Structures are given as structure tokens and as C-alpha cells.
């Protein structure tokens, strides 16, 4: 006989476990009505604008308890490494500055993603995408955020959209008369650490699955600012369904799923394998960015049904900029998830490097120290990331020289958020180093980029280049963009390619800028043991 079984059967489908605050007076935007014997809700679409604006504003200044608890856990655990505690302390202090509501917690204020669930009898007028986008436009336009969306004018010619649009708007049709939401301000770095694997039945035994987890977790590296929320999805009805599921799992959206399967193929959370993932993460030694125990905050493992011929697998993280907000509109008005507004309650030996000298003198000083040495940088950084590197390579391919500004100073891979009025800099932390790896040997061979500054482990070609050319790669802490802006960055100037927005070349003056020597000029790599 026919028996319908929904794949996802959360015991808390409306997220009653979350605390919400009502937007004051927002009941003026809704009206409960009764049509053809059923309860319906008229919603002024302006409510969607109000809600998206507040959500994509608040989420940049506050965090969830389970995120903050993880940093405090990394500080208080006796088994944490010194680097574990240093990174976690820095990120918590960063969260305290972001809670001042001026600087966002990360310079990468993310892609705006909306998961919406509009009830059959929730009536908005139907222009939901436009009104949601206007609220997002408002949040990024009128706050000290960043325009991160790159439009393709043709296959290769690109420009910044200048407003952080378009958003990803996934609006679903569901029963009832309410409107439920998950808003995600998704950073590019953690979005890049969402992986799809095509596997087989040969994986589905304890030994093979454990080895698989050990292998794949290492490929995450430190490039998305751990401690991670690690999500793992085994199975799925299609690649895109698996990847949607691992995204939502990383947002703890499926925490209330059943924990056992059944003959109808329902999804379930697997706490036993979450514990195994956490054991792999801890024993890896990768740590909170620079070696230790706190590679991961927590783990979510969801087992899904599969076509007999198929076994898609998804792996994804939520990064230090852990930014999602639940919300709903009902007959009483607009409700938005309450984040922690007082992160301070969760709070329970370096080499001074003067950059104000010839770059060869800085290289000689750095050459005296092993990888893993904590440094503090004082002086000028030249800022350049993906597009500027591509333009400079193209210039050199046409016979033009490597520009002078790639030869005078360490290269900081970064793109700033907008500068608050009266501030020296907006949030201005690093971007992922690995994306620039293909340029390092080329640029060093042409007399520049000897010292680079960013975050994440890099490929072997960069280790070889630094040894061949006497270069260095310095790893900044990943994520603490607001405290770096408040305490370290003293002057910001646009140097070249202003049309690229945040991806322009910048010249900045910094003081007390912390970093680790990750790659030296001798073939050493402080990630060589944990990530290889």
C-alpha cells in the first residue's frame, strides 16, 4: 500500500527552540483573514523589506550561542594549544568590537541568501523577490558592509555590481498561512569549502567511511577560518539536493531531525558519526588555524536516501563569520532570531618586524626565524587579490613590467568593507591565500611578491617558489576583520584599479599587525605535518 514519507521530518519544524524578537509595531503589516473557510494571512510586502534589512544588518554584529561557546571552549580547554587559545581569544575580541554595530565581524559580508517558505494561504502580492532584494540592498547600502558580487558582462569581462546584489532567493511553497525564513550572509571562503563527491556502495562501511572522513577533512585545511562547523551529508536524491542539505546542516537548520532511519528512506542525523567526525577533527592536530585541537566547533552528519546506482556526498563548513538568522511572519507580525548581543561574557612572545625599510632587509630579518614564529608587522602593506593579480599577470604577458608597488612591500591579500564615517578603515581582514598560488612563482621570478600576507594553507608550488626566490608567506589570523581595522590599520588609500571596488589595489599603513610565518625561504611549511 502507498505510504507518504517526507524525506525531512524535523521534530521542531518551526524552530521553536530558537528565541525570536518581534519587530515593534510590525503587526500593522499583517492581517488575518478567512477565505473559503480557511485561515489566511495578508502580508504587506513592505514587511519583507523591513525583515531582510534588519536580518542582513544584525547578522554582521552578533553571533549564536553555540558559535560563541565554541570559542570559549577553545580558550578554557587545558588540551587546547597556545595557538588554539590565541586565535579563539582574538576572534572573541573581534566579536566584541562587531557588537558595537559599526564594524561588521568580517570584511567579507558575504552573499545574501534567503530560504523562504511561503504558506499556501500567505498572500504577499507575489513580488517577494523584489521586496526582499530591496531590504538586502538597504542593508548593504546604508551600513558599513561590502559589495562582493561580481557580474559577468560576458564570459570573461566582469564588473562589481556595486550593491551586493543579486541575492540567492530560494522561495518554497509550503502548507499554511505563515512565512518562514532562514537568512544566510555566506562568506566566499566557506562557500568555497563546499564539496561534492560522487561515491559508491564501496564507501558504506565503517572502515572506508572513517578513512574517507580523515582524507576529506584535511582538504578543508585552514583556508576558511576555522574553528569550523563541519557538515557531512551521505547520500541524496541528486547532487544539488545533497549540496543544499549540507549547506542547511552547516547552519544547524536540521538539528531536530530524527536520529534513526526507516524503510521509507527518511533523512536522519547520525550523532555517532558526528562524534567520529569530531574525533577526526581533534586528532588531526590542524587546530584553530595554526595547530592544535580546535579544528572544529561541532559536527553535523545527515544520512539521506539514495538511488541504488548513486552515492553523492557533501562536505561543507560554516566559518568564523558564522552568520544565519531564522525569522518568520505570522498573524502577530515580524519575528527575527535573537542573537547574542553581549559576546564579552564568553571571554574568560612575538618578533617585531619593521616594514619601513628596503624589502630585502625585511626578507633578511624573516630569514632568521623558523616557520611558526609569531610576528608583528609595522609599516606599509600593498593590498591586492584575485582580479588585480590577474590584471598584473596579463600586463606582464604583454611585456609590461611587474608594477613598482608589487616590489616595495609585503602583499596583503584583502578587500575592505566600507569605511565608517570618522574611521581610518572599515573591516579589513585577509582573504584566502591559495587562490593566488598560481602567481607567486611568476611574480617572484620577476622581482616582486617576495613576502605575501593572507590566511590559509598554500600549495607546494608556493613553498618551492619561496625557497627558490627567497620568499615568505605570512599567515594572518583569519576572521578578525573588525579588530584589525580598529587597532592595526591606520591609513587606507586606493592605489590602482579603483573600478574594481574592494578588489582595487590598496596601500595601507599598519601597526601591531599579527601574523605567523607559515612558509619560509628554505622549503618549510608550518602545515606540512598536519595537512600533508
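Numbering follows the first chain given and starts at 1. Definition used throughout: the rigid core is the maximal C-alpha set that superposes within 1.5 Å between two forms.
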Name the stretch that deviates more in 5 other deposited structures of this protein: 394 to 402, or 139 to 147? Use RMS CA distance to the shown form, core superposed. 394 to 402
Core fit done; bigger CA RMS in 5 other deposited structures of this protein for 404 to 412 or for 130 to 138? 404 to 412
I want to check something about residue 349: across the other compared entries that model its neighbours, is it left unbuilt in at least a third? yes
For the step residue 348 to residue 349, what size class fits the number of deposited residues with no coordinates, none, 1 to 3, 4 to 9, or 10 or more? 4 to 9
Could you settle it for me: does 45 to 53 or 31 to 39 have the higher average Cα B factor in the PDB entry? 31 to 39
On mean C-alpha B-factor from the PDB entry, just flag whether 314 to 322 or 257 to 265 is the higher one. 257 to 265
Could you check 416, 370, 236, 126 and tell me which one carries the biggest Cα B-factor in the deposited entry? 370
Which of these, 105, 149, 190, 364, has its C-alpha atom at the highest B-factor, as the entry lists it? 364
State the tercile, meaning the lowest, middle or highest third, of residue 65 with respect to the CA B-factors recorded for its chain. middle
Using the B-factors in the PDB entry, rank residue 505's C-alpha atom against the chain and give the third, lowest, middle or highest. lowest
Would you mind checking where the Cα B-factor of residue 86 ranks among the modelled residues of its chain, as the lowest, middle or highest third? highest
Among modelled residues of the same chain, the CA temperature factor third for residue 485: highest
Mind checking which third residue 444 falls in for C-alpha B-factor across the chain? lowest
